[PDB]
Amino acid sequence: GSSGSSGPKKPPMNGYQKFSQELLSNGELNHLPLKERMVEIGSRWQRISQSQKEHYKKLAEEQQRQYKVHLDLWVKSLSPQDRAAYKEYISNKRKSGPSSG
């Protein structure tokens, strides 16, 4: 059991991971061990049609899109002490872009 973990959730990449996560969150193959689950999944994924994969693939794009802002939304919540830290890593990483006018 469990309740809540973090704002954004590690989204998929291609799309196959999307459908899987579903079978992992659904519990359709909760009768077998993870091992089987996975393999079992890969199979089920090999059953669906292009559409499905395509759909899940499209979603992945949206999921990864939302997770982007979500990260910020989670920041907007980050206290003045936490955010002060999180940012510490932000500035460090990437390279803010200046402006002229």
# chains A, B, ... in the order shown; residues from 1 in each chain; ligands from 1
$ residues_around --residues "range 38-49 of chain A" --least-positions-apart "2" --cutoff "12 Å" --atoms "only C-alpha atoms" --output "list in words"
residues 15, 16, 17, 18, 19, 20, 21, 22, 23, 24, 26, 27, 28, 29, 30, 31, 32, 33, 34, 35, 36, 51, 52, 53, 54, 55 and 56 of chain A
$ write_last_selection --atoms "N, CA, C and O atoms" --output "short mmCIF file (atom, residue, chain, number, x, y, z; two decimals), in the first residue's frame"
data_model
loop_
_atom_site.label_atom_id
_atom_site.label_comp_id
_atom_site.auth_asym_id
_atom_site.auth_seq_id
_atom_site.Cartn_x
_atom_site.Cartn_y
_atom_site.Cartn_z
N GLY A 15 6.35 4.72 -26.11
CA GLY A 15 4.92 4.47 -25.99
C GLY A 15 4.66 3.09 -25.38
O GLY A 15 3.65 2.89 -24.70
N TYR A 16 5.59 2.18 -25.64
CA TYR A 16 5.47 0.83 -25.12
C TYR A 16 5.48 0.82 -23.59
O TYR A 16 4.84 -0.02 -22.97
N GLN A 17 6.22 1.77 -23.03
CA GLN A 17 6.32 1.88 -21.59
C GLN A 17 5.01 2.41 -21.00
O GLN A 17 4.71 2.18 -19.83
N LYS A 18 4.26 3.10 -21.84
CA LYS A 18 2.98 3.66 -21.42
C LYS A 18 1.99 2.53 -21.18
O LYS A 18 1.46 2.39 -20.08
N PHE A 19 1.77 1.74 -22.23
CA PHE A 19 0.84 0.62 -22.14
C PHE A 19 1.21 -0.30 -20.97
O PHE A 19 0.33 -0.78 -20.26
N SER A 20 2.51 -0.51 -20.82
CA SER A 20 3.00 -1.37 -19.75
C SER A 20 2.59 -0.80 -18.39
O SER A 20 1.89 -1.46 -17.62
N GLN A 21 3.04 0.42 -18.14
CA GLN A 21 2.73 1.09 -16.88
C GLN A 21 1.26 0.86 -16.51
O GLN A 21 0.93 0.74 -15.33
N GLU A 22 0.43 0.79 -17.53
CA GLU A 22 -1.00 0.58 -17.33
C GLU A 22 -1.24 -0.81 -16.74
O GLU A 22 -2.02 -0.97 -15.80
N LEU A 23 -0.57 -1.79 -17.33
CA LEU A 23 -0.71 -3.17 -16.87
C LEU A 23 -0.07 -3.31 -15.49
O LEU A 23 -0.36 -4.26 -14.76
N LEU A 24 0.80 -2.36 -15.17
CA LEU A 24 1.48 -2.37 -13.89
C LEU A 24 0.62 -1.65 -12.85
O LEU A 24 0.71 -1.94 -11.66
N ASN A 26 -2.73 -1.39 -13.46
CA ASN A 26 -4.02 -2.06 -13.56
C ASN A 26 -4.04 -3.25 -12.60
O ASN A 26 -4.86 -3.31 -11.69
N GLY A 27 -3.11 -4.18 -12.84
CA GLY A 27 -3.01 -5.36 -12.01
C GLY A 27 -3.65 -6.57 -12.70
O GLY A 27 -4.14 -7.49 -12.04
N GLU A 28 -3.61 -6.54 -14.03
CA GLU A 28 -4.17 -7.62 -14.82
C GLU A 28 -3.27 -8.85 -14.75
O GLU A 28 -3.74 -9.98 -14.85
N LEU A 29 -1.98 -8.59 -14.59
CA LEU A 29 -1.00 -9.67 -14.51
C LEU A 29 -0.35 -9.65 -13.13
O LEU A 29 0.86 -9.87 -13.00
N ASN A 30 -1.17 -9.41 -12.12
CA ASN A 30 -0.69 -9.36 -10.75
C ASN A 30 -0.72 -10.78 -10.16
O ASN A 30 -0.48 -10.96 -8.97
N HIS A 31 -1.01 -11.74 -11.02
CA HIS A 31 -1.08 -13.13 -10.60
C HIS A 31 0.31 -13.76 -10.71
O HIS A 31 0.60 -14.76 -10.05
N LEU A 32 1.14 -13.15 -11.54
CA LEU A 32 2.50 -13.64 -11.75
C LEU A 32 3.49 -12.61 -11.21
O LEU A 32 3.11 -11.48 -10.89
N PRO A 33 4.78 -13.04 -11.13
CA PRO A 33 5.83 -12.16 -10.64
C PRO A 33 6.21 -11.12 -11.69
O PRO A 33 5.96 -11.31 -12.88
N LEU A 34 6.81 -10.04 -11.22
CA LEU A 34 7.23 -8.97 -12.11
C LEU A 34 7.82 -9.57 -13.39
O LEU A 34 7.37 -9.25 -14.49
N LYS A 35 8.81 -10.43 -13.20
CA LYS A 35 9.46 -11.08 -14.33
C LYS A 35 8.41 -11.39 -15.40
O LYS A 35 8.41 -10.78 -16.47
N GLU A 36 7.54 -12.34 -15.08
CA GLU A 36 6.50 -12.74 -16.00
C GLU A 36 5.73 -11.51 -16.50
O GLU A 36 5.54 -11.33 -17.70
N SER A 51 -2.52 1.41 -34.07
CA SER A 51 -3.32 2.43 -33.41
C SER A 51 -2.88 2.57 -31.95
O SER A 51 -2.34 3.61 -31.56
N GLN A 52 -3.13 1.52 -31.19
CA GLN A 52 -2.77 1.51 -29.78
C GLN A 52 -1.39 2.14 -29.58
O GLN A 52 -1.28 3.25 -29.07
N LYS A 53 -0.37 1.40 -30.00
CA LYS A 53 1.00 1.87 -29.88
C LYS A 53 1.05 3.36 -30.23
O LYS A 53 1.61 4.16 -29.48
N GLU A 54 0.47 3.69 -31.37
CA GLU A 54 0.45 5.06 -31.83
C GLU A 54 -0.15 5.97 -30.76
O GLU A 54 0.43 7.00 -30.42
N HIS A 55 -1.30 5.56 -30.25
CA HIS A 55 -1.98 6.33 -29.22
C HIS A 55 -1.04 6.53 -28.03
O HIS A 55 -0.74 7.66 -27.66
N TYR A 56 -0.61 5.41 -27.46
CA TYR A 56 0.29 5.45 -26.32
C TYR A 56 1.53 6.29 -26.63
O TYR A 56 2.08 6.95 -25.74
#
$ select_by_dssp --residues "chain A" --states "alpha helix (DSSP H)" --output "ChimeraX atom specification"
/A:16-26,34-45,50-77,82-92
$ write_last_selection --atoms "C-alpha atoms" --output "PDB file, in the first residue's frame"
ATOM      1  CA  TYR A  16       5.470   0.827 -25.122  1.00  0.00           C
ATOM      2  CA  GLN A  17       6.320   1.884 -21.589  1.00  0.00           C
ATOM      3  CA  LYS A  18       2.984   3.663 -21.424  1.00  0.00           C
ATOM      4  CA  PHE A  19       0.844   0.624 -22.139  1.00  0.00           C
ATOM      5  CA  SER A  20       2.997  -1.370 -19.750  1.00  0.00           C
ATOM      6  CA  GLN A  21       2.727   1.087 -16.884  1.00  0.00           C
ATOM      7  CA  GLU A  22      -0.997   0.580 -17.328  1.00  0.00           C
ATOM      8  CA  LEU A  23      -0.706  -3.166 -16.875  1.00  0.00           C
ATOM      9  CA  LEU A  24       1.485  -2.369 -13.893  1.00  0.00           C
ATOM     10  CA  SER A  25      -1.065   0.042 -12.473  1.00  0.00           C
ATOM     11  CA  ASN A  26      -4.018  -2.061 -13.560  1.00  0.00           C
ATOM     12  CA  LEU A  34       7.233  -8.968 -12.105  1.00  0.00           C
ATOM     13  CA  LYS A  35       9.456 -11.075 -14.330  1.00  0.00           C
ATOM     14  CA  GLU A  36       6.496 -12.736 -16.004  1.00  0.00           C
ATOM     15  CA  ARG A  37       4.560  -9.486 -15.873  1.00  0.00           C
ATOM     16  CA  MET A  38       7.137  -7.713 -18.006  1.00  0.00           C
ATOM     17  CA  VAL A  39       7.559 -10.485 -20.547  1.00  0.00           C
ATOM     18  CA  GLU A  40       3.804 -10.948 -20.468  1.00  0.00           C
ATOM     19  CA  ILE A  41       3.432  -7.247 -21.168  1.00  0.00           C
ATOM     20  CA  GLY A  42       5.862  -7.109 -24.067  1.00  0.00           C
ATOM     21  CA  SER A  43       3.671  -9.821 -25.539  1.00  0.00           C
ATOM     22  CA  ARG A  44       0.367  -8.058 -25.003  1.00  0.00           C
ATOM     23  CA  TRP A  45       1.966  -4.986 -26.531  1.00  0.00           C
ATOM     24  CA  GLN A  50      -0.529   0.163 -34.590  1.00  0.00           C
ATOM     25  CA  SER A  51      -3.317   2.435 -33.409  1.00  0.00           C
ATOM     26  CA  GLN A  52      -2.771   1.511 -29.779  1.00  0.00           C
ATOM     27  CA  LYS A  53       0.996   1.871 -29.875  1.00  0.00           C
ATOM     28  CA  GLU A  54       0.448   5.064 -31.833  1.00  0.00           C
ATOM     29  CA  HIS A  55      -1.981   6.327 -29.219  1.00  0.00           C
ATOM     30  CA  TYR A  56       0.287   5.455 -26.318  1.00  0.00           C
ATOM     31  CA  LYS A  57       3.116   6.973 -28.323  1.00  0.00           C
ATOM     32  CA  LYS A  58       1.158  10.180 -28.776  1.00  0.00           C
ATOM     33  CA  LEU A  59       0.236  10.288 -25.107  1.00  0.00           C
ATOM     34  CA  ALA A  60       3.866   9.800 -24.155  1.00  0.00           C
ATOM     35  CA  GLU A  61       4.425  13.080 -25.960  1.00  0.00           C
ATOM     36  CA  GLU A  62       1.687  14.730 -23.935  1.00  0.00           C
ATOM     37  CA  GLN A  63       2.692  13.052 -20.694  1.00  0.00           C
ATOM     38  CA  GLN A  64       6.274  14.212 -21.076  1.00  0.00           C
ATOM     39  CA  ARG A  65       4.859  17.592 -22.027  1.00  0.00           C
ATOM     40  CA  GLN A  66       2.768  17.984 -18.896  1.00  0.00           C
ATOM     41  CA  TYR A  67       5.425  16.511 -16.638  1.00  0.00           C
ATOM     42  CA  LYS A  68       7.499  19.463 -17.781  1.00  0.00           C
ATOM     43  CA  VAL A  69       5.176  22.100 -16.377  1.00  0.00           C
ATOM     44  CA  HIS A  70       4.232  19.792 -13.530  1.00  0.00           C
ATOM     45  CA  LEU A  71       7.839  20.052 -12.412  1.00  0.00           C
ATOM     46  CA  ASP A  72       7.383  23.807 -12.315  1.00  0.00           C
ATOM     47  CA  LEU A  73       3.980  23.519 -10.686  1.00  0.00           C
ATOM     48  CA  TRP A  74       5.670  21.464  -7.993  1.00  0.00           C
ATOM     49  CA  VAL A  75       8.207  24.257  -7.697  1.00  0.00           C
ATOM     50  CA  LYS A  76       5.576  26.958  -7.376  1.00  0.00           C
ATOM     51  CA  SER A  77       4.650  24.990  -4.278  1.00  0.00           C
ATOM     52  CA  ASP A  82      13.132  24.396  -0.668  1.00  0.00           C
ATOM     53  CA  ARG A  83      12.779  26.439  -3.834  1.00  0.00           C
ATOM     54  CA  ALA A  84      15.874  28.335  -2.757  1.00  0.00           C
ATOM     55  CA  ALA A  85      17.644  24.994  -2.946  1.00  0.00           C
ATOM     56  CA  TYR A  86      16.024  23.474  -6.010  1.00  0.00           C
ATOM     57  CA  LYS A  87      16.977  26.632  -7.866  1.00  0.00           C
ATOM     58  CA  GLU A  88      20.536  26.262  -6.633  1.00  0.00           C
ATOM     59  CA  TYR A  89      20.659  23.248  -8.918  1.00  0.00           C
ATOM     60  CA  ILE A  90      18.763  24.981 -11.700  1.00  0.00           C
ATOM     61  CA  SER A  91      21.154  27.886 -12.111  1.00  0.00           C
ATOM     62  CA  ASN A  92      24.028  25.436 -11.855  1.00  0.00           C
TER      63      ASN A  92
END
$ atom_distance --atom1 "CA of residue 93 in chain A" --atom2 "CA of residue 81 in chain A"
19.0 Å
